[PDB]
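Colleague: Residue numbers (the entry's author numbering): 93 to 243, 248 to 335. Note that beta-carbon positions come from the ideal geometry of N, C-alpha and C, so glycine has one too. Here's a structure for you.
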Amino acid sequence: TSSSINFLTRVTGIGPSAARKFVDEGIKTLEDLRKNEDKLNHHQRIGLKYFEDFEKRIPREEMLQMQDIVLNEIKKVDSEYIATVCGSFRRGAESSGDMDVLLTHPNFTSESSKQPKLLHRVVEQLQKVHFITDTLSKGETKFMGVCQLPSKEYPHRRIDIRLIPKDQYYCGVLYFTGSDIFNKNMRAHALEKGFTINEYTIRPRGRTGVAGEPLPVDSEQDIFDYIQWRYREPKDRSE
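Printed below as a string of structure tokens:
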């Protein structure tokens with residue numbers, strides 16, 4: 093049934109195709125999934141383990157404590173790391189759905205060699221202090237996992257950590273801070289001024305529609321400056 097399909101897609105790790113396959117096999121509820129662990133991959137098994145926790149909102153007060161821990165532990169690994177918790181949290185929201193950490197380091201640029209250890213050492217330190225409790229998926233530049241505040249215990253929470261080349265970092269912070277409407281409005285203004293902004297770069301685009309090389313960006317302010325917008329504090333980026 094289509095209701096069952098959409099329900100199953102609420103488990104992280106289960107997409108539409110996976111949900112359709114499960115329903116076809118008579119697996120429709122959380123209890124059904126829990127009775128069929130042998131049919132799940134790791135991402136689905138962990139997403140199921142914390143299904144209830146993951147649907148809870150995260151109070152801002154907890155997000156602050158989570159941020160403070162993450163930034164502190166990162167600094168311990170290497171003081172040259174730069175890390176920013178983005179999303180609606182960065183805009184000052186009173187609650188969050190998850191924690192999205194953007195990470196960079198001067199040694200990692202869009203021209204240097206790939207450096208997955210820059211990410212893995214941070215994940216490992218956060219595991220050592222028992223902040224990160226489970227992994228959903230881990231690659232060379234992106235970690236998707238589970239974390240929990242030190243304790248009555250707190251709910252487990254979704255955390256992503258993304259390793260971004262330094263020369264693309266503040267475009268990433270801008271993009272993942274949003275809001276979606278603010279990003280849309282800012283991209284549109286950039287176009288009026290002869291620029292294209294995406295998750296990675298700001299580039300001039302000439303009258304012939306051809307894009308030039310990425311422009312240097314050392315801060316969010318640089319991006320606002322290129323398109324002649326006054327800097328907007330994240331809390332003022334609802335639109």
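Can you give me the Cβ contacts of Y271 inside the same chain, cut-off strictly under 6 Å, excluding the 5 residues immediately before and after it?
Modeller: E295
Colleague: In angstroms with no decimal places, state the Cα-to-Cα distance between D145 and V306.
Modeller: 48 Å
Colleague: For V221, which residues in the same chain have their Cβ closer than 8 Å to its Cβ, ignoring the five residues on either side in sequence?
Modeller: Excluding sequence neighbours, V221 sits near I161 and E165.
Colleague: Rounded to a whole number of angstroms, what is the C-alpha to C-alpha distance between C239 and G302?
Modeller: 46 Å
Colleague: Expressed to the nearest angstrom, what Euclidean distance is found between the alpha-carbon atoms of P242 and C267?
Modeller: The alpha-carbon atoms of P242 and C267 are separated by roughly 33 Å.
Colleague: Between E232 and the ligand COA, is there a pair consisting of the residue's CB and a ligand heavy atom that are separated by less than 7 Å?
Modeller: Here there are no bound small molecules, and the ligand COA is not part of this structure.
Colleague: Please report how far the alpha carbon of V103 lies from the alpha carbon of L156, in whole angstroms.
Modeller: 26 Å
Colleague: Is there contact between the segment 193–211 and the segment 258–266, where contact requires at least three CB pairs shorter than 8 Å?
Modeller: yes
Colleague: With distances taken between CB atoms, is the gap from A185 to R152 smaller than 8 Å?
Modeller: yes
Colleague: How far does the beta strand (DSSP E) with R254 in it extend, from its first residue to its last?
Modeller: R253 to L259
Colleague: Taking only the alpha-carbon atoms, compute the straight-line gap between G290 and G308 and give it to the nearest angstrom.
Modeller: 11 Å
Colleague: Does the contact criterion of 3 or more C-beta pairs under 8 Å hold for the segment 275–292 versus the segment 223–231?
Modeller: no
Colleague: Provide the residue span of the beta strand (DSSP E) that contains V177, from first to last.
Modeller: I174 to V177
Colleague: Let me confirm a value: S94 is counted as buried when at least 16 other C-beta atoms fall within 10 Å, else exposed. Which label applies?
Modeller: exposed
Colleague: So, with DSSP's three-state summary, where would you put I119?
Modeller: coil
Colleague: Which partner residues of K234 appear in the DSSP bridge assignment?
Modeller: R258
Colleague: Only counting runs of 3 or more residues, tell me where the beta strand (DSSP E) segments fall wholly within the segment 273–319, in order along the chain.
Modeller: Here the runs fully enclosed are 291–293 and 298–300.
Colleague: What does the Cβ neighbour count give for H197, buried or exposed, with the cut at 16 atoms within 10 Å?
Modeller: buried
Colleague: Consult DSSP for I97 and reduce its assignment to one of helix, strand or coil.
Modeller: Annotated three-state conformation of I97 is helix, per DSSP.
Colleague: Based on Cα-Cα distance, which residue from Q219, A110 and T292 lies nearest to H135?
Modeller: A110
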